[PDB]
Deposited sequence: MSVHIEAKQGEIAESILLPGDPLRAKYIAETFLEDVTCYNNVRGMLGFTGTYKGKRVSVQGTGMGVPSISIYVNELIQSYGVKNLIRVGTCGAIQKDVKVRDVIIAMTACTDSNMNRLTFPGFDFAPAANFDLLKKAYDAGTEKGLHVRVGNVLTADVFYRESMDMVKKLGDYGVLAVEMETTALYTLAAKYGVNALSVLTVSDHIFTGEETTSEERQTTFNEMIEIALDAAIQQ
């Protein structure tokens, strides 16, 4: 495809989607066997390997709705991918959420215009695939993680001049801020495929230090995949 140099069939139907391509490399090296790297266009590493008998891929997305939308469109429409799990980080926007918690996004709020342009006059609420969500939740629960299922903010701006609206969203239960989920969930819905975002809380708004938790999370994402 335009941004992925893989041959047809090289990408598995189940794929993990970290924002950082170096985390894709880490995931492939740490968890997968029989690995090949199918993409290095723009340095946006993608790999396919085997986890517990199943082929599974891992593809960096870059940061932000526009970047992830490119990769997700291509994965679905050019490579036939069916199950897409973002494995990311996020910033807590409530005191109740703690660093190293795992958040599974039911849905996402956004300051992006992407859905307003598609559905003029409407507020589109991008939703997770419930079956994947339940699998990941059950796996995280059995792994002994602190798992929170709820709402997140998909932000276009990392550096915002006023945080008043982010604080207000936190007062309405929005758990954390990240930069991809709206796009993943919307595009998966458009194409009738299955998506989920599983996030580790890295700080509060108001790698090695989270690597054990981060691995445990990758494990539940892989499981909800296989």
{"item": "Missing segments of the deposited chain sequence, listed N- to C-terminal", "value": "1, 208 to 213, 234 to 235"}
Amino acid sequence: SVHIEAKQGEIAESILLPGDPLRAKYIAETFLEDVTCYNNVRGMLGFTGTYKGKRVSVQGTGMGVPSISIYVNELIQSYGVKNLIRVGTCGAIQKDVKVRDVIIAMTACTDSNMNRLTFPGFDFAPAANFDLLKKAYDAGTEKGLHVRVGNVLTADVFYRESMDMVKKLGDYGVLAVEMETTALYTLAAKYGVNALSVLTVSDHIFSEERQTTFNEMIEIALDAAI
From here on, numbers count along this sequence of modelled residues.
| property | result |
| --- | --- |
| Stretch with the greater mean C-alpha B-factor as recorded in the entry, comparing 36 to 44 against 59 to 67 | 36 to 44 |
| 136 to 144 versus 77 to 85 - greater average Cα B-factor per the deposited record | 136 to 144 |
| Candidate residues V72, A125, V97, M106, the one whose C-alpha B factor the record puts highest | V97 |
| Relative C-alpha B-factor of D156, binned into the chain's lowest, middle or highest third | middle |
| Third assignment of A12 from its chain's C-alpha B-factors | middle |
| Position of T186 among the chain's modelled residues by C-alpha B-factor, lowest, middle or highest third | lowest |
| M163, C-alpha B-factor rank within chain (lowest, middle or highest third) | highest |
| Among modelled residues of the same chain, the CA temperature factor third for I93 | highest |
